$ cat data-v1.pdb   # PDB, C-alpha atoms and all ligand atoms
ATOM      1  CA  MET A   1      14.218  21.298  -1.510  1.00  0.00           C
ATOM      2  CA  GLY A   2      16.141  18.043  -1.789  1.00  0.00           C
ATOM      3  CA  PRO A   3      15.120  15.090  -3.915  1.00  0.00           C
ATOM      4  CA  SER A   4      14.024  12.363  -1.514  1.00  0.00           C
ATOM      5  CA  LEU A   5      11.585  14.782   0.133  1.00  0.00           C
ATOM      6  CA  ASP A   6      10.316  16.014  -3.261  1.00  0.00           C
ATOM      7  CA  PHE A   7       9.531  12.477  -4.466  1.00  0.00           C
ATOM      8  CA  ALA A   8       7.703  11.626  -1.226  1.00  0.00           C
ATOM      9  CA  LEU A   9       5.751  14.899  -1.313  1.00  0.00           C
ATOM     10  CA  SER A  10       4.929  14.269  -4.987  1.00  0.00           C
ATOM     11  CA  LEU A  11       3.608  10.808  -4.095  1.00  0.00           C
ATOM     12  CA  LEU A  12       1.409  12.350  -1.399  1.00  0.00           C
ATOM     13  CA  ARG A  13       0.178  14.958  -3.852  1.00  0.00           C
ATOM     14  CA  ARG A  14      -0.893  12.776  -6.786  1.00  0.00           C
ATOM     15  CA  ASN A  15      -0.814   9.077  -5.873  1.00  0.00           C
ATOM     16  CA  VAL A  16      -1.389   8.485  -2.118  1.00  0.00           C
ATOM     17  CA  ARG A  17      -5.006   8.912  -1.005  1.00  0.00           C
ATOM     18  CA  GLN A  18      -6.897   9.020   2.297  1.00  0.00           C
ATOM     19  CA  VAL A  19      -9.598   6.337   2.282  1.00  0.00           C
ATOM     20  CA  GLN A  20     -12.281   4.761   4.483  1.00  0.00           C
ATOM     21  CA  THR A  21     -13.954   1.340   4.221  1.00  0.00           C
ATOM     22  CA  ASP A  22     -16.267  -0.514   6.630  1.00  0.00           C
ATOM     23  CA  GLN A  23     -12.990  -1.727   8.232  1.00  0.00           C
ATOM     24  CA  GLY A  24     -11.633   1.737   9.005  1.00  0.00           C
ATOM     25  CA  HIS A  25      -9.090   4.217   7.654  1.00  0.00           C
ATOM     26  CA  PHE A  26      -6.394   3.194   5.194  1.00  0.00           C
ATOM     27  CA  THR A  27      -3.832   4.719   2.873  1.00  0.00           C
ATOM     28  CA  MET A  28      -4.542   3.963  -0.806  1.00  0.00           C
ATOM     29  CA  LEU A  29      -1.941   4.024  -3.593  1.00  0.00           C
ATOM     30  CA  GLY A  30      -3.076   5.053  -7.072  1.00  0.00           C
ATOM     31  CA  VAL A  31      -0.757   3.425  -9.578  1.00  0.00           C
ATOM     32  CA  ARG A  32      -1.991   4.409 -13.058  1.00  0.00           C
ATOM     33  CA  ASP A  33      -5.178   5.103 -15.004  1.00  0.00           C
ATOM     34  CA  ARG A  34      -8.101   4.138 -12.737  1.00  0.00           C
ATOM     35  CA  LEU A  35      -6.131   1.331 -11.058  1.00  0.00           C
ATOM     36  CA  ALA A  36      -5.312   1.501  -7.321  1.00  0.00           C
ATOM     37  CA  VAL A  37      -4.149  -0.969  -4.670  1.00  0.00           C
ATOM     38  CA  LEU A  38      -5.223  -1.484  -1.035  1.00  0.00           C
ATOM     39  CA  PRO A  39      -4.420  -4.064   1.654  1.00  0.00           C
ATOM     40  CA  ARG A  40      -6.692  -7.060   1.127  1.00  0.00           C
ATOM     41  CA  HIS A  41      -8.009  -6.846   4.700  1.00  0.00           C
ATOM     42  CA  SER A  42      -9.417  -3.358   4.088  1.00  0.00           C
ATOM     43  CA  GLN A  43     -12.273  -5.265   2.373  1.00  0.00           C
ATOM     44  CA  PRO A  44     -13.418  -2.528  -0.054  1.00  0.00           C
ATOM     45  CA  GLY A  45     -17.104  -2.849  -0.842  1.00  0.00           C
ATOM     46  CA  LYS A  46     -19.052  -1.680  -3.879  1.00  0.00           C
ATOM     47  CA  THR A  47     -18.022   1.888  -3.030  1.00  0.00           C
ATOM     48  CA  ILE A  48     -15.137   3.478  -1.194  1.00  0.00           C
ATOM     49  CA  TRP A  49     -14.738   6.904   0.421  1.00  0.00           C
ATOM     50  CA  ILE A  50     -11.704   8.689  -1.077  1.00  0.00           C
ATOM     51  CA  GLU A  51     -10.587  12.017   0.471  1.00  0.00           C
ATOM     52  CA  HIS A  52     -13.860  13.883   0.106  1.00  0.00           C
ATOM     53  CA  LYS A  53     -16.361  11.808  -1.899  1.00  0.00           C
ATOM     54  CA  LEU A  54     -17.838   8.350  -2.405  1.00  0.00           C
ATOM     55  CA  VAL A  55     -16.293   6.569  -5.407  1.00  0.00           C
ATOM     56  CA  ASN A  56     -17.686   3.426  -7.041  1.00  0.00           C
ATOM     57  CA  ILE A  57     -15.413   0.409  -7.453  1.00  0.00           C
ATOM     58  CA  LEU A  58     -15.875  -1.278 -10.830  1.00  0.00           C
ATOM     59  CA  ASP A  59     -13.667  -4.276 -10.049  1.00  0.00           C
ATOM     60  CA  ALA A  60     -11.571  -5.741  -7.231  1.00  0.00           C
ATOM     61  CA  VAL A  61      -8.855  -8.377  -7.545  1.00  0.00           C
ATOM     62  CA  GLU A  62      -7.257  -9.920  -4.456  1.00  0.00           C
ATOM     63  CA  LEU A  63      -3.804 -11.131  -5.442  1.00  0.00           C
ATOM     64  CA  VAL A  64      -2.666 -14.669  -4.578  1.00  0.00           C
ATOM     65  CA  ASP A  65       0.497 -16.444  -5.720  1.00  0.00           C
ATOM     66  CA  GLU A  66       0.787 -19.486  -8.017  1.00  0.00           C
ATOM     67  CA  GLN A  67      -0.229 -21.991  -5.330  1.00  0.00           C
ATOM     68  CA  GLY A  68      -3.123 -19.729  -4.348  1.00  0.00           C
ATOM     69  CA  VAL A  69      -1.660 -18.234  -1.167  1.00  0.00           C
ATOM     70  CA  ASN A  70      -2.743 -14.740  -0.124  1.00  0.00           C
ATOM     71  CA  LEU A  71      -0.566 -11.797  -1.165  1.00  0.00           C
ATOM     72  CA  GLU A  72      -2.661  -9.341   0.925  1.00  0.00           C
ATOM     73  CA  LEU A  73      -3.181  -6.874  -1.974  1.00  0.00           C
ATOM     74  CA  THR A  74      -6.443  -5.900  -3.657  1.00  0.00           C
ATOM     75  CA  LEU A  75      -6.354  -4.206  -7.053  1.00  0.00           C
ATOM     76  CA  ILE A  76      -9.343  -1.896  -7.422  1.00  0.00           C
ATOM     77  CA  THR A  77     -10.473  -0.205 -10.618  1.00  0.00           C
ATOM     78  CA  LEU A  78     -12.255   3.075  -9.864  1.00  0.00           C
ATOM     79  CA  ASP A  79     -15.170   4.854 -11.573  1.00  0.00           C
ATOM     80  CA  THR A  80     -13.463   8.245 -11.721  1.00  0.00           C
ATOM     81  CA  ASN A  81     -12.602  11.039 -14.090  1.00  0.00           C
ATOM     82  CA  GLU A  82      -9.057  11.142 -12.760  1.00  0.00           C
ATOM     83  CA  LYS A  83      -6.292   9.036 -14.222  1.00  0.00           C
ATOM     84  CA  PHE A  84      -3.498   8.543 -11.693  1.00  0.00           C
ATOM     85  CA  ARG A  85      -0.015   9.732 -12.515  1.00  0.00           C
ATOM     86  CA  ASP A  86       1.511   6.519 -13.841  1.00  0.00           C
ATOM     87  CA  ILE A  87       4.078   5.473 -11.227  1.00  0.00           C
ATOM     88  CA  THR A  88       4.582   1.903 -12.521  1.00  0.00           C
ATOM     89  CA  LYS A  89       8.128   2.883 -13.575  1.00  0.00           C
ATOM     90  CA  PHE A  90       9.035   3.452  -9.897  1.00  0.00           C
ATOM     91  CA  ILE A  91       7.990  -0.102  -8.944  1.00  0.00           C
ATOM     92  CA  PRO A  92      10.704  -2.771  -9.347  1.00  0.00           C
ATOM     93  CA  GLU A  93      10.206  -5.728 -11.655  1.00  0.00           C
ATOM     94  CA  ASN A  94      10.724  -8.081  -8.690  1.00  0.00           C
ATOM     95  CA  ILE A  95      10.189  -7.534  -4.959  1.00  0.00           C
ATOM     96  CA  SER A  96      13.135  -5.505  -3.727  1.00  0.00           C
ATOM     97  CA  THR A  97      14.609  -4.877  -0.302  1.00  0.00           C
ATOM     98  CA  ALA A  98      15.940  -1.428   0.575  1.00  0.00           C
ATOM     99  CA  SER A  99      17.919   0.542   3.135  1.00  0.00           C
ATOM    100  CA  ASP A 100      16.818   3.643   5.084  1.00  0.00           C
ATOM    101  CA  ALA A 101      13.295   3.288   3.712  1.00  0.00           C
ATOM    102  CA  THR A 102      10.440   5.628   4.522  1.00  0.00           C
ATOM    103  CA  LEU A 103       6.801   4.694   5.084  1.00  0.00           C
ATOM    104  CA  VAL A 104       4.344   7.248   3.687  1.00  0.00           C
ATOM    105  CA  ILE A 105       0.952   7.198   5.393  1.00  0.00           C
ATOM    106  CA  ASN A 106      -2.015   9.325   4.367  1.00  0.00           C
ATOM    107  CA  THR A 107      -5.248   8.936   6.326  1.00  0.00           C
ATOM    108  CA  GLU A 108      -7.807  11.291   7.863  1.00  0.00           C
ATOM    109  CA  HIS A 109      -6.333  10.404  11.253  1.00  0.00           C
ATOM    110  CA  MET A 110      -2.700  10.295  10.066  1.00  0.00           C
ATOM    111  CA  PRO A 111      -2.463  12.822   7.225  1.00  0.00           C
ATOM    112  CA  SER A 112       0.781  13.289   5.222  1.00  0.00           C
ATOM    113  CA  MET A 113       2.725  11.228   7.752  1.00  0.00           C
ATOM    114  CA  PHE A 114       6.376  10.284   7.280  1.00  0.00           C
ATOM    115  CA  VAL A 115       7.745   7.336   9.248  1.00  0.00           C
ATOM    116  CA  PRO A 116      11.516   6.483   9.228  1.00  0.00           C
ATOM    117  CA  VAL A 117      11.328   2.725   9.130  1.00  0.00           C
ATOM    118  CA  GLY A 118      14.686   1.055   8.878  1.00  0.00           C
ATOM    119  CA  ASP A 119      16.211  -1.010   6.154  1.00  0.00           C
ATOM    120  CA  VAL A 120      13.580  -3.264   4.588  1.00  0.00           C
ATOM    121  CA  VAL A 121      14.424  -6.968   4.247  1.00  0.00           C
ATOM    122  CA  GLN A 122      12.817 -10.155   2.976  1.00  0.00           C
ATOM    123  CA  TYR A 123      10.479 -12.459   4.906  1.00  0.00           C
ATOM    124  CA  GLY A 124       8.162 -14.507   2.715  1.00  0.00           C
ATOM    125  CA  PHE A 125       5.619 -16.238   5.018  1.00  0.00           C
ATOM    126  CA  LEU A 126       3.661 -14.102   7.534  1.00  0.00           C
ATOM    127  CA  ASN A 127       0.925 -15.323   9.900  1.00  0.00           C
ATOM    128  CA  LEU A 128      -1.377 -12.335   9.892  1.00  0.00           C
ATOM    129  CA  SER A 129      -4.350 -13.055  12.157  1.00  0.00           C
ATOM    130  CA  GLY A 130      -4.688 -16.647  10.805  1.00  0.00           C
ATOM    131  CA  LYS A 131      -4.191 -15.568   7.172  1.00  0.00           C
ATOM    132  CA  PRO A 132      -0.908 -17.037   5.896  1.00  0.00           C
ATOM    133  CA  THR A 133       0.651 -14.571   3.489  1.00  0.00           C
ATOM    134  CA  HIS A 134       3.579 -14.680   1.056  1.00  0.00           C
ATOM    135  CA  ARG A 135       5.943 -12.186  -0.604  1.00  0.00           C
ATOM    136  CA  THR A 136       6.141  -9.962   2.505  1.00  0.00           C
ATOM    137  CA  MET A 137       9.061  -7.886   3.792  1.00  0.00           C
ATOM    138  CA  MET A 138      10.070  -6.620   7.256  1.00  0.00           C
ATOM    139  CA  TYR A 139      11.391  -3.444   8.922  1.00  0.00           C
ATOM    140  CA  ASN A 140      12.422  -3.223  12.592  1.00  0.00           C
ATOM    141  CA  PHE A 141      10.106  -0.326  13.474  1.00  0.00           C
ATOM    142  CA  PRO A 142       7.061  -0.507  15.801  1.00  0.00           C
ATOM    143  CA  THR A 143       4.305   0.341  13.382  1.00  0.00           C
ATOM    144  CA  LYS A 144       0.761   0.595  14.640  1.00  0.00           C
ATOM    145  CA  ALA A 145      -2.867   0.256  13.711  1.00  0.00           C
ATOM    146  CA  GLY A 146      -4.135   2.820  11.236  1.00  0.00           C
ATOM    147  CA  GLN A 147      -0.963   2.662   9.161  1.00  0.00           C
ATOM    148  CA  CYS A 148      -2.026  -0.113   6.763  1.00  0.00           C
ATOM    149  CA  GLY A 149      -1.854   0.787   3.115  1.00  0.00           C
ATOM    150  CA  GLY A 150       1.100   3.065   3.861  1.00  0.00           C
ATOM    151  CA  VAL A 151       3.643   3.282   1.059  1.00  0.00           C
ATOM    152  CA  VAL A 152       7.174   1.938   1.601  1.00  0.00           C
ATOM    153  CA  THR A 153       9.778   3.856  -0.413  1.00  0.00           C
ATOM    154  CA  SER A 154      13.479   4.673  -0.697  1.00  0.00           C
ATOM    155  CA  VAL A 155      15.455   6.633  -3.312  1.00  0.00           C
ATOM    156  CA  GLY A 156      12.544   7.156  -5.671  1.00  0.00           C
ATOM    157  CA  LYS A 157      11.394   3.528  -5.770  1.00  0.00           C
ATOM    158  CA  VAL A 158       7.965   2.252  -4.620  1.00  0.00           C
ATOM    159  CA  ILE A 159       8.424  -1.186  -3.092  1.00  0.00           C
ATOM    160  CA  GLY A 160       5.672  -2.198  -0.640  1.00  0.00           C
ATOM    161  CA  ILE A 161       2.271  -1.665   0.973  1.00  0.00           C
ATOM    162  CA  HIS A 162       2.166  -1.852   4.778  1.00  0.00           C
ATOM    163  CA  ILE A 163      -0.024  -4.721   6.021  1.00  0.00           C
ATOM    164  CA  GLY A 164       0.822  -5.717   9.616  1.00  0.00           C
ATOM    165  CA  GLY A 165       2.941  -5.595  12.732  1.00  0.00           C
ATOM    166  CA  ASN A 166       3.461  -6.735  16.297  1.00  0.00           C
ATOM    167  CA  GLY A 167       4.579  -3.686  18.324  1.00  0.00           C
ATOM    168  CA  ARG A 168       8.272  -4.061  17.432  1.00  0.00           C
ATOM    169  CA  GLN A 169       8.303  -4.997  13.742  1.00  0.00           C
ATOM    170  CA  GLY A 170       6.328  -3.973  10.682  1.00  0.00           C
ATOM    171  CA  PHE A 171       5.559  -6.006   7.593  1.00  0.00           C
ATOM    172  CA  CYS A 172       4.615  -4.946   4.060  1.00  0.00           C
ATOM    173  CA  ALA A 173       3.360  -6.807   1.035  1.00  0.00           C
ATOM    174  CA  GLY A 174       6.072  -6.501  -1.615  1.00  0.00           C
ATOM    175  CA  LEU A 175       5.280  -4.686  -4.871  1.00  0.00           C
ATOM    176  CA  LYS A 176       6.372  -5.828  -8.318  1.00  0.00           C
ATOM    177  CA  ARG A 177       5.643  -4.121 -11.618  1.00  0.00           C
ATOM    178  CA  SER A 178       3.835  -7.067 -13.221  1.00  0.00           C
ATOM    179  CA  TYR A 179       0.983  -6.670 -10.692  1.00  0.00           C
ATOM    180  CA  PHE A 180      -0.009  -3.449 -12.453  1.00  0.00           C
ATOM    181  CA  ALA A 181       0.659  -4.478 -16.081  1.00  0.00           C
TER     182      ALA A 181
HETATM  183  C1  LIG B   1      -3.358  -2.507   9.650  1.00  0.00           C
HETATM  184  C2  LIG B   1      -4.578  -2.024   9.512  1.00  0.00           C
HETATM  185  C3  LIG B   1      -5.433  -1.652  10.646  1.00  0.00           C
HETATM  186  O1  LIG B   1      -5.046  -1.304  11.746  1.00  0.00           O
HETATM  187  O2  LIG B   1      -6.735  -1.726  10.316  1.00  0.00           O
HETATM  188  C4  LIG B   1      -7.601  -2.342  11.304  1.00  0.00           C
HETATM  189  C5  LIG B   1      -7.271  -3.804  11.427  1.00  0.00           C
HETATM  190  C6  LIG B   1      -8.117  -4.786  11.180  1.00  0.00           C
HETATM  191  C7  LIG B   1      -7.828  -6.246  11.310  1.00  0.00           C
HETATM  192  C8  LIG B   1      -7.088  -6.804  10.171  1.00  0.00           C
HETATM  193  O3  LIG B   1      -5.708  -6.516   9.931  1.00  0.00           O
HETATM  194  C9  LIG B   1      -4.813  -7.587  10.237  1.00  0.00           C
HETATM  195  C10 LIG B   1      -4.653  -8.552   9.077  1.00  0.00           C
HETATM  196  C11 LIG B   1      -3.667  -8.348   8.117  1.00  0.00           C
HETATM  197  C12 LIG B   1      -3.511  -9.239   7.065  1.00  0.00           C
HETATM  198  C13 LIG B   1      -4.330 -10.338   6.964  1.00  0.00           C
HETATM  199  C14 LIG B   1      -5.307 -10.556   7.912  1.00  0.00           C
HETATM  200  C15 LIG B   1      -5.470  -9.671   8.967  1.00  0.00           C
HETATM  201  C16 LIG B   1      -3.443  -7.065  10.710  1.00  0.00           C
HETATM  202  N1  LIG B   1      -2.945  -8.005  11.704  1.00  0.00           N
HETATM  203  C17 LIG B   1      -1.814  -7.825  12.389  1.00  0.00           C
HETATM  204  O4  LIG B   1      -0.964  -6.987  12.084  1.00  0.00           O
HETATM  205  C18 LIG B   1      -1.620  -8.747  13.594  1.00  0.00           C
HETATM  206  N2  LIG B   1      -0.240  -9.205  13.649  1.00  0.00           N
HETATM  207  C19 LIG B   1       0.089 -10.452  13.294  1.00  0.00           C
HETATM  208  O5  LIG B   1      -0.765 -11.311  13.033  1.00  0.00           O
HETATM  209  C20 LIG B   1       1.529 -10.738  13.227  1.00  0.00           C
HETATM  210  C21 LIG B   1       2.148 -11.936  12.855  1.00  0.00           C
HETATM  211  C22 LIG B   1       3.471 -11.710  12.964  1.00  0.00           C
HETATM  212  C23 LIG B   1       4.692 -12.520  12.742  1.00  0.00           C
HETATM  213  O6  LIG B   1       3.668 -10.442  13.376  1.00  0.00           O
HETATM  214  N3  LIG B   1       2.417  -9.830  13.546  1.00  0.00           N
HETATM  215  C24 LIG B   1      -2.078  -8.081  14.906  1.00  0.00           C
HETATM  216  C25 LIG B   1      -1.291  -6.814  15.190  1.00  0.00           C
HETATM  217  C26 LIG B   1      -1.977  -9.045  16.078  1.00  0.00           C
HETATM  218  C27 LIG B   1      -3.440  -5.629  11.237  1.00  0.00           C
HETATM  219  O7  LIG B   1      -4.016  -5.345  12.284  1.00  0.00           O
HETATM  220  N4  LIG B   1      -2.757  -4.730  10.518  1.00  0.00           N
HETATM  221  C28 LIG B   1      -2.788  -3.308  10.822  1.00  0.00           C
HETATM  222  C29 LIG B   1      -1.395  -2.785  11.183  1.00  0.00           C
HETATM  223  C30 LIG B   1      -0.773  -3.454  12.413  1.00  0.00           C
HETATM  224  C31 LIG B   1      -1.486  -3.287  13.747  1.00  0.00           C
HETATM  225  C32 LIG B   1      -0.376  -3.480  14.768  1.00  0.00           C
HETATM  226  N5  LIG B   1       0.797  -2.993  14.048  1.00  0.00           N
HETATM  227  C33 LIG B   1       0.633  -2.979  12.727  1.00  0.00           C
HETATM  228  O8  LIG B   1       1.489  -2.648  11.892  1.00  0.00           O
END

$ encode --input "data-v1.pdb" --output "structure tokens"
Amino acid sequence: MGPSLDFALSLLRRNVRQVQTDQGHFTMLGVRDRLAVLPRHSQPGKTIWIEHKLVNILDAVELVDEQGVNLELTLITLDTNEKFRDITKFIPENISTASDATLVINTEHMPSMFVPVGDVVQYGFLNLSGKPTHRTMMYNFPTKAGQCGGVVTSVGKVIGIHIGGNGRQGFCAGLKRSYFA
């Protein structure tokens, strides 16, 4: 097997989880230790269903920028035995565009799903259902509901978490390594 498929299948295997909150199904990315990230609008409660079992959330941190604008990412710390494979090395130090990126979705309804989004490019401000959002990026692919939390990647580098769309374009919250320090 080639390398870009291996990396994506490895992600699926040890870092990308099927989850359910009171808001529906999402893809969850485990980053390291007991630390994971979800789209802010998944609104994780005191517990979250992960794959096959209810897992308690010890702490949740919705990220905003330095003038307090939404970044659309929640950092959750899980009460689990498992430590995630530390993938913080694959996350750039600053938000990074990409070409020929792939969106990795993993949900009960959309399991192990690989979506050839295009090049990924910058955006900044997004109006997502009345929530103004910064540090977002864009890909000209018609993503759809149920794909939030999906992992944007290209060439072994984890760069965004899918958060929204419009039927012709998809938008992710950019990832940077300092979020997970
Ligand atoms: C991802 C998750 C999903 O389907 O779930 C259920 C959705 C619940 C409602 C909340 O999710 C919306 C949201 C995101 C961030 C902050 C607040 C709310 C989100 N909203 C949208 O994507 C909407 N689009 C826009 O507002 C918009 C602005 C610009 C510019 O372009 N689009 C909505 C589609 C009108 C949401 O539903 N995200 C959802 C994935 C998208 C559904 C449609 N295509 C997607 O990629």

$ atom_distance --input "data-v1.pdb" --atom1 "CA of residue 137 in chain A" --atom2 "CA of residue 78 in chain A"
27.6 Å

$ resolve_selection --input "data-v1.pdb" --expression "the PyMOL selection byres (((not hetatm)) within 9 of (chain B and resi 1))" --output "ChimeraX atom specification"
/A:23-26,39-42,70,72,125-133,142-149,162-172

$ atom_distance --input "data-v1.pdb" --atom1 "CA of residue 8 in chain A" --atom2 "CA of residue 58 in chain A"
28.5 Å

$ closest_residue --input "data-v1.pdb" --among "A:102, A:176, A:54, A:32" --to "residue 151 in chain A" --atoms "only C-alpha atoms"
A:102

$ closest_residue --input "data-v1.pdb" --among "A:45, A:55, A:3, A:16" --to "residue 80 in chain A" --atoms "all atoms listed in the file"
A:55

$ atom_distance --input "data-v1.pdb" --atom1 "CA of residue 68 in chain A" --atom2 "CA of residue 119 in chain A"
28.9 Å

$ residues_around --input "data-v1.pdb" --residues "residue 4 in chain A" --least-positions-apart "2" --cutoff "7 Å" --atoms "all atoms listed in the file" --output "PyMOL selection string"
chain A and resi 2+6-8+155-156

$ closest_residue --input "data-v1.pdb" --among "A:44, A:124, A:116, A:150" --to "residue 12 in chain A" --atoms "all atoms listed in the file"
A:150

$ closest_residue --input "data-v1.pdb" --among "A:178, A:21, A:140, A:47" --to "residue 92 in chain A" --atoms "all atoms listed in the file"
A:178

$ resolve_selection --input "data-v1.pdb" --expression "the PyMOL selection byres (((chain A and resi 74) around 6) and not hetatm)" --output "VMD selection string"
chain A and resid 37 to 40 61 to 62 73 75

$ resolve_selection --input "data-v1.pdb" --expression "the PyMOL selection byres (((chain A and resi 90) around 10) and not hetatm)" --output "PyMOL selection string"
chain A and resi 31+86-89+91-93+153+155-159+176-177

$ closest_residue --input "data-v1.pdb" --among "A:56, A:18, A:122, A:154" --to "residue 99 in chain A" --atoms "all atoms listed in the file"
A:154

$ closest_residue --input "data-v1.pdb" --among "A:173, A:152, A:35, A:11" --to "residue 118 in chain A" --atoms "all atoms listed in the file"
A:152

$ build_atoms --input "data-v1.pdb" --residues "range 100-115 of chain A" --atoms "N, CA, C and O atoms" --output "CSV table (one decimal), keeping the file's coordinate frame"
chain,number,residue,atom,x,y,z
A,100,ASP,N,17.3,2.3,4.7
A,100,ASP,CA,16.8,3.6,5.1
A,100,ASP,C,15.5,4.0,4.4
A,100,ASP,O,15.3,5.1,3.9
A,101,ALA,N,14.6,3.1,4.4
A,101,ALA,CA,13.3,3.3,3.7
A,101,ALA,C,12.4,4.2,4.5
A,101,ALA,O,12.5,4.3,5.7
A,102,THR,N,11.4,4.8,3.8
A,102,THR,CA,10.4,5.6,4.5
A,102,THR,C,9.0,5.1,4.2
A,102,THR,O,8.8,4.7,3.1
A,103,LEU,N,8.2,5.1,5.2
A,103,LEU,CA,6.8,4.7,5.1
A,103,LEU,C,5.9,5.9,5.0
A,103,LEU,O,6.0,6.8,5.9
A,104,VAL,N,5.2,6.1,3.9
A,104,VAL,CA,4.3,7.2,3.7
A,104,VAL,C,2.9,6.9,3.9
A,104,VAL,O,2.3,6.0,3.2
A,105,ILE,N,2.3,7.5,5.0
A,105,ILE,CA,1.0,7.2,5.4
A,105,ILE,C,0.1,8.4,5.1
A,105,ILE,O,0.6,9.6,5.1
A,106,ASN,N,-1.1,8.2,4.7
A,106,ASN,CA,-2.0,9.3,4.4
A,106,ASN,C,-3.5,8.9,4.6
A,106,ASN,O,-4.1,8.2,3.8
A,107,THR,N,-4.0,9.3,5.8
A,107,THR,CA,-5.2,8.9,6.3
A,107,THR,C,-5.9,10.2,6.9
A,107,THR,O,-5.1,11.2,7.2
A,108,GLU,N,-7.2,10.2,7.1
A,108,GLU,CA,-7.8,11.3,7.9
A,108,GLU,C,-7.2,11.5,9.2
A,108,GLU,O,-7.0,12.6,9.7
A,109,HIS,N,-6.9,10.3,9.9
A,109,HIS,CA,-6.3,10.4,11.3
A,109,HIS,C,-4.8,10.6,11.2
A,109,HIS,O,-4.3,11.3,12.2
A,110,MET,N,-4.1,10.2,10.2
A,110,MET,CA,-2.7,10.3,10.1
A,110,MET,C,-2.4,10.9,8.7
A,110,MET,O,-1.9,10.2,7.8
A,111,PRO,N,-2.6,12.2,8.5
A,111,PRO,CA,-2.5,12.8,7.2
A,111,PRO,C,-1.0,13.1,7.0
A,111,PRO,O,-0.3,13.5,7.9
A,112,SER,N,-0.6,12.9,5.7
A,112,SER,CA,0.8,13.3,5.2
A,112,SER,C,1.9,12.9,6.2
A,112,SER,O,2.7,13.8,6.6
A,113,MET,N,1.9,11.7,6.6
A,113,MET,CA,2.7,11.2,7.8
A,113,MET,C,4.0,10.5,7.2
A,113,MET,O,3.8,9.6,6.4
A,114,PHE,N,5.1,10.8,7.8
A,114,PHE,CA,6.4,10.3,7.3
A,114,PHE,C,7.0,9.5,8.4
A,114,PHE,O,7.3,10.1,9.5
A,115,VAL,N,7.3,8.2,8.2
A,115,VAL,CA,7.7,7.3,9.2
A,115,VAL,C,9.1,6.7,8.8
A,115,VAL,O,9.1,5.9,7.9
